[PDB]
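*Asks:* Sequence order for the protein chains is B and A.
Going left to right, the first sequence walks through residues 161 to 175, 181 to 210, 213 to 253, 259 to 265, 267 to 290, 295 to 301, 306 to 312, 314 to 363, 370 to 522 as PDB author numbering numbers them.
Going left to right, the second sequence walks through residues 162 to 176, 180 to 200, 203 to 210, 216 to 253, 264 to 267, 270 to 289, 307 to 310, 316 to 362, 372 to 520 as PDB author numbering numbers them.
Every residue gets a Cβ at the ideal spot worked out from N, C-alpha and C, and that includes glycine.
Handing you this structure, nothing more for now.
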Amino acid sequence: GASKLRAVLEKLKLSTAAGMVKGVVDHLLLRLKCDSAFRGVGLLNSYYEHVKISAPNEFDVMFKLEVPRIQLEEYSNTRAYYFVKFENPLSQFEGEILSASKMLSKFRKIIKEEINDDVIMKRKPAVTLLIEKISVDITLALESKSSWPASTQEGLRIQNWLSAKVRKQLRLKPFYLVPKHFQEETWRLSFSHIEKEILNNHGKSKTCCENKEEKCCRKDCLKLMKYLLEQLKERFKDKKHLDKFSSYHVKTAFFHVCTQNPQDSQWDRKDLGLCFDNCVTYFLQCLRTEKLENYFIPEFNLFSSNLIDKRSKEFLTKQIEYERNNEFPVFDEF
Amino acid sequence: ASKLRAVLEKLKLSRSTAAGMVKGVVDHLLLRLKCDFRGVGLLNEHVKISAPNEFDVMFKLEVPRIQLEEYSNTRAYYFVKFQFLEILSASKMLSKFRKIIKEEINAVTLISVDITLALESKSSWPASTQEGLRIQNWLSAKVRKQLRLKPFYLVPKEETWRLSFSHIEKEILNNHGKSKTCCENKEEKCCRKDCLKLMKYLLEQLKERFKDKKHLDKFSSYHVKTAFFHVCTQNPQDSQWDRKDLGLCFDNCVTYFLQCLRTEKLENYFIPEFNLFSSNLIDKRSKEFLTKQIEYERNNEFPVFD
Ligand SMILES: O=C(O)[C@H]1O[C@@H](Oc2cc3oc(-c4ccccc4)cc(=O)c3c(O)c2O)[C@H](O)[C@@H](O)[C@@H]1O
Ligand SMILES: O=C(O)[C@H]1O[C@@H](Oc2cc3oc(-c4ccccc4)cc(=O)c3c(O)c2O)[C@H](O)[C@@H](O)[C@@H]1O
Ligand SMILES: [Zn+2]
Ligand SMILES: [Zn+2]
């Protein structure tokens, strides 16, 4: 049944837009540099990213800003949410803690004025613009070149996959803090950039996927997992069952399967059927066990009972098991 | 090969009470250099293996945007255009560098420590390197593209500068496998670095034995390191470097170096048109002498190692 997967992958591979977003981002960055508080702003990464396989018109860029000397306070033992504490341009923003809401209020404000020179902002992903066909969600992230927080100490378990040498190099790179609530003055750790590095450099062999003898199927199974969820999230668009599931969950599940099957020979493209089945099976195992460790913060359980109700897990579990037992009808359904 | 592992073990014993002082001097030297040389700083060493008291450091200075003019089809020697401007004088630039250094004491060599001045350029590599660094089937094209986005450096040595890629060499050696986990576990221990060490040690011992003849004066550990890199291009797989095969592997390294001596060809690993073993650089008599000495060593289980 694998050739239907390649058929689905063939269609995804094919599905002037990027020119318009590049221009708007260029204008937004330049005027954001005008402000004292957002002076060192630029693109983090390459001004494009499609979190949605199925939505080529839905872009997502991230604006980064370095915070030279911060001290983080772990909010209430969540391991992933922190207060940002510290001649500094950001003291315009509530006590000792840097206010996410105030910093987002000014960020939204400057962009709302900038697009008036038809780009439209949606109602209060800090900002999402509609350029009337293209959506672009802009996120503000704080950059810190200091060493990673202690909660990331046992994460990124890639030593047996991409090597301990690589893991030590990745951890020397900066981490990022993004605003999200609860105590609405918290920032959440973000390692978006590392995952992009890992995916585009995914093999144990440095020449993985650079010749016919070493063609893997890691990227293909990830795309098919994200597509599988995206279709299911849309089939139940109207209802609310799958609103708390994201592509971050399928991507986190994928990296764990990469840790579990580190050799390239376990990802031979001739066996796309079984590997993709194996990844569907792991993601289902996490749904039932209600355990899905954040790949970088192992004590942060993405599938906790306090974040996602077992009702929704049991629902998503039955949808996926029906698809897998029936050659995935949802792939050609829309 | 059990004699090779014996040599390698003795080589490790002579390798830590020394770096603490040279770290203090070098770090302190970079202050009075920042006085005038504002953006100067360390780039990264033991270029000579059997001399653990000699150390080589490199002081790197980024010249912002330069124009490189190739000197006389050398493809490796360049004139740098945009104080010491006459073209940038390496003579006068080293004069002000040696002046300050020798002053704060109270190129330039200070337990011996030889400090080199290098210019950094964050621009694209010169066109003479376009077909060099052929690591594509060994370390991958991704790694090649990433390494060529690193800066290149120019060093002083009829008033020119020479391209320097020693920083790329150090990275490739310490991240040397097609596998990313090569030499990180018992199932993947290779012998590349051991072969390079033995190649370097063999030549330095021969240079010491025949120092009164001056036949080997024009030979360096750089040619040994250059030939070793071509051999890794010839044998890109880690299974051709199994530590159980250190005997055959070392014999393969010696054999290629000999073939470069006999045919008098040894391309710079980054500048393929720069022939290190050319007639205008090393007399054929010296090549045949070094060839004869190495062959006698190889035929008699290397009597220069004990
Ligand atoms: O993969 C994605 O979809 C996006 O993931 C973003 O990072 C996180 C997103 C996340 O999204 C969710 C999430 C989002 C929507 C619905 C349910 C859950 C939960 C997380 O715990 C979560 C997280 O811990 C992250 O670090 C990145 O900042 C972003 O760049 C990336 O595109
Ligand atoms: O490996 C080493 O020993 C040294 O290698 C230096 O690079 C070169 C050295 C070189 O040394 C020689 C050389 C040295 C001594 C005797 C005969 C020849 C010739 C070269 O063409 C040459 C070269 O083209 C280099 O690029 C590096 O710039 C230097 O940092 C390093 O110490
Ligand atoms: Zn691959
Ligand atoms: Zn190795």
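So is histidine 437(B) buried or exposed if we call it buried at 16+ other beta carbons inside 10 Å?
*Replies:* As a working mapping, residue 437(B) is identified with position 249 in the first sequence. The residue is buried, with at least 16 neighbouring Cβ atoms inside 10 Å.
*Asks:* Within the 7 angstroms Cβ cut-off, does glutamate 481(B) reach chain A?
*Replies:* On the first sequence, residue 481(B) is found 293 positions in, with the first residue counted as 1. Not one chain A Cβ lies under 7 angstroms of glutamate 481(B).
*Asks:* For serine 493(A), which residues in the same chain have their Cβ closer than 7 angstroms to its Cβ, ignoring the five residues on either side in sequence?
*Replies:* Within the second sequence, the letter at position 279 stands for residue 493(A). Sequence-distant partners of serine 493(A) (beyond 5 residues in either direction) whose C-beta falls short of 7 angstroms from its own C-beta, in its chain, are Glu478.
*Asks:* Identify the residues that DSSP records as bridge partners of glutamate 233(A): which are they?
*Replies:* Position 62 of the second sequence, counted from the first residue, corresponds to residue 233(A). Answer is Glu325(A).
*Asks:* Taking 6 angstroms as the limit, name every residue whose beta carbon sits nearer than that to some heavy atom of ligand 4, in sequence order.
*Replies:* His390(A), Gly391(A), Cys396(A), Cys397(A), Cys404(A) and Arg406(A)
*Asks:* Taking the alpha-carbon positions, what's the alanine 247(B) to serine 326(B) distance?
*Replies:* Stepping through the first sequence from its first residue, residue 247(B) is reached at position 80. Stepping through the first sequence from its first residue, residue 326(B) is reached at position 144. Distance between the alpha carbons of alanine 247(B) and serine 326(B): 15 angstroms.
*Asks:* Identify the contact partners of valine 348(B) in chain A, using a Cβ-Cβ distance below 8 angstroms as the criterion.
*Replies:* Taking the first residue of the first sequence as 1, we reach residue 348(B) at position 166. Within 8 angstroms Cβ-Cβ: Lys394.
*Asks:* Near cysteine 397(B), what residues of its chain come up, given a Cβ to Cβ distance below 7 angstroms and the 5 sequence neighbours on each side ignored?
*Replies:* Position 209 of the first sequence, counted from the first residue, corresponds to residue 397(B). Once the five neighbours on either side are set aside, the close Cβ partners of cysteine 397(B) are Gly391, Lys403 and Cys404.
*Asks:* Per DSSP, which residues does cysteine 404(A) bridge with? Please list them.
*Replies:* As a working note, residue 404(A) is residue 190 in the second sequence. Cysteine 404(A) pairs with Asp456(A).
*Asks:* For the putative contact between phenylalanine 379(B) and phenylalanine 484(B), defined by C-beta atoms under 8 angstroms, what is the C-beta separation to the nearest angstrom?
*Replies:* Working through the first sequence from its first residue, we reach residue 379(B) at position 191. Working through the first sequence from its first residue, we reach residue 484(B) at position 296. Indeed they touch by this definition, with Cβ atoms about 5 angstroms apart.
*Asks:* Starting from the Cα of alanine 307(B), find the closest Cα among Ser328(B), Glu233(B) and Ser278(B) and give me that residue.
*Replies:* The residue given as residue 307(B) occupies position 126 in the first sequence. The candidate whose alpha carbon is nearest that of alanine 307(B) is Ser278(B).
*Asks:* How is the alpha helix (DSSP H) around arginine 246(A) delimited, first residue to last?
*Replies:* As a position in the second sequence, residue 246(A) is number 75, starting the count at 1. Segment: none, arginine 246(A) is in no alpha helix (DSSP H) and carries neither H nor E.
*Asks:* I want to verify the contact list: residues of chain B whose CB lies under 7 angstroms from the CB of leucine 338(A), in sequence order.
*Replies:* Within the second sequence, the letter at position 133 stands for residue 338(A). None at all; the shortest Cβ gap to chain B is about 14 angstroms.
*Asks:* With distances taken Cα to Cα, identify the nearest neighbour of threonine 309(A) among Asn466(A), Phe230(A) and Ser274(A).
*Replies:* To locate residue 309(A), count along the second sequence from 1; it is residue 109. For the residues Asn466(A), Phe230(A) and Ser274(A), the minimum Cα distance to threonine 309(A) belongs to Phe230(A).
*Asks:* Identify each residue in the region 388 to 413 of chain A for which the Cβ-Cβ distance to at least one residue of chain B is less than 7 angstroms, and report them in chain order.
*Replies:* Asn389, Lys392, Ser393, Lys394, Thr395 and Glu398
*Asks:* Are the beta-carbon atoms of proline 361(B) and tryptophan 375(B) separated by less than 7 angstroms?
*Replies:* As a first step, residue 361(B) is located in the first sequence; it is residue number 179 there, counting from the start. As a first step, residue 375(B) is located in the first sequence; it is residue number 187 there, counting from the start. Closer than 7 angstroms, so yes.
*Asks:* Within the continuous beta strand (DSSP E) that includes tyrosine 358(A), where are the two ends?
*Replies:* Counted from its first residue, the second sequence places residue 358(A) at position 153. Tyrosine 358(A) -> beta strand (DSSP E) spans 357 to 361.
*Asks:* In the DSSP assignment, the alpha helix (DSSP H) including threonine 309(B) goes from what residue to what residue?
*Replies:* Within the first sequence, the letter at position 128 stands for residue 309(B). Going by DSSP, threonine 309(B) is part of no alpha helix (DSSP H) but of the beta strand (DSSP E) stretching over 308 to 311.
*Asks:* Mind reading off the beta-carbon distance from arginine 406(A) to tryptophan 455(A)? Whole number of angstroms is fine, and I expect it under 8 angstroms.
*Replies:* Mapped onto the second sequence, residue 406(A) falls at position 192. Mapped onto the second sequence, residue 455(A) falls at position 241. Correct: roughly 5 angstroms between the Cβ atoms.
*Asks:* Using a Cβ cut-off of 7 angstroms, pull out every chain B residue sitting near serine 345(A), in sequence order please.
*Replies:* For the purposes of this step, residue 345(A) is taken as residue 140 along the second sequence, with counting starting at 1. Within 7 angstroms Cβ-Cβ: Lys394, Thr395 and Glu398.
*Asks:* Provide the residue span of the alpha helix (DSSP H) that contains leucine 377(B), from first to last.
*Replies:* Working through the first sequence from its first residue, we reach residue 377(B) at position 189. Segment 375 to 378 is the beta strand (DSSP E) holding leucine 377(B); no alpha helix (DSSP H) there.
*Asks:* Do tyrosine 358(A) and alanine 323(A) have their CB atoms nearer than 7 angstroms?
*Replies:* Residue numbering aside, residue 358(A) sits at position 153 when the second sequence is read from its first letter. Residue numbering aside, residue 323(A) sits at position 118 when the second sequence is read from its first letter. Yes, the pair counts as a contact, with Cβ atoms nearer than the cut-off.
*Asks:* Throw me the rounded Cβ distance for the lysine 394(B) and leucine 344(A) pair, which I believe falls under 8 angstroms.
*Replies:* Here residue 394(B) refers to the residue found at position 206 of the first sequence. Here residue 344(A) refers to the residue found at position 139 of the second sequence. About 6 angstroms; that satisfies the 8 angstroms criterion.
*Asks:* Do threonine 440(B) and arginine 339(B) have their C-beta atoms within less than 7 angstroms of each other?
*Replies:* The count along the first sequence starts at 1 and reaches residue 440(B) at position 252. The count along the first sequence starts at 1 and reaches residue 339(B) at position 157. Cβ atoms of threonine 440(B) and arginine 339(B): not closer than 7 angstroms.
*Asks:* By a C-beta neighbour count over all protein chains shown, 10 Å radius and 16 as the cutoff for buried, is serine 500(A) buried or exposed?
*Replies:* Taking the second sequence and counting its residues from 1, one reaches residue 500(A) at position 286. Counting Cβ neighbours within 10 Å, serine 500(A) comes out buried, since at least 16 surround it.
*Asks:* Pick helix, strand or coil for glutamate 287(A), following the three-state DSSP scheme.
*Replies:* In the second sequence, counting from the first residue as 1, residue 287(A) sits at position 104. Helix at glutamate 287(A).
*Asks:* Run the CB neighbour count on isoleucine 316(A), radius 10 Å, all protein chains shown included, and call it buried at 16 or more, exposed below.
*Replies:* Position 111 of the second sequence holds residue 316(A). Result: exposed.
*Asks:* So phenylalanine 250(B) and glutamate 373(B) are in contact, right, with Cβ under 8 angstroms, and what is the actual spacing, rounded?
*Replies:* Position 83 of the first sequence, counted from the first residue, corresponds to residue 250(B). Position 185 of the first sequence, counted from the first residue, corresponds to residue 373(B). Sure, about 7 angstroms apart at Cβ, within 8 angstroms.
*Asks:* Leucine 420(B): which of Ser263(B), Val190(B), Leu194(B) and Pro517(B) sits nearest, CA to CA?
*Replies:* The residue given as residue 420(B) occupies position 232 in the first sequence. The shortest Cα separation from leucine 420(B) among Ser263(B), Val190(B), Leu194(B) and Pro517(B) belongs to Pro517(B).
*Asks:* Where do the N-terminal and C-terminal ends of the alpha helix (DSSP H) with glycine 184(B) fall, by residue?
*Replies:* Counted from its first residue, the first sequence places residue 184(B) at position 19. Run containing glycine 184(B): 182 to 199, per the alpha helix (DSSP H) assignment.
*Asks:* Mind checking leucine 462(A): buried by the 16 CB within 10 Å criterion, or exposed?
*Replies:* The residue labelled residue 462(A) in the question sits at position 248 within the second sequence. Exposed, since its Cβ has fewer than 16 Cβ neighbours within 10 Å.
*Asks:* Hey, how far is the Cα of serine 435(A) from the Cα of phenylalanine 442(A)?
*Replies:* For the purposes of this step, residue 435(A) is identified with residue 221 of the second sequence, where counting begins at 1. For the purposes of this step, residue 442(A) is identified with residue 228 of the second sequence, where counting begins at 1. C-alpha separation (whole angstroms): 10 angstroms.
*Asks:* Can you give me the C-alpha to C-alpha distance between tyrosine 470(B) and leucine 416(B), rounded to a whole angstrom?
*Replies:* To locate residue 470(B), count along the first sequence from 1; it is residue 282. To locate residue 416(B), count along the first sequence from 1; it is residue 228. Spanning the two alpha carbons is a distance of roughly 14 angstroms.
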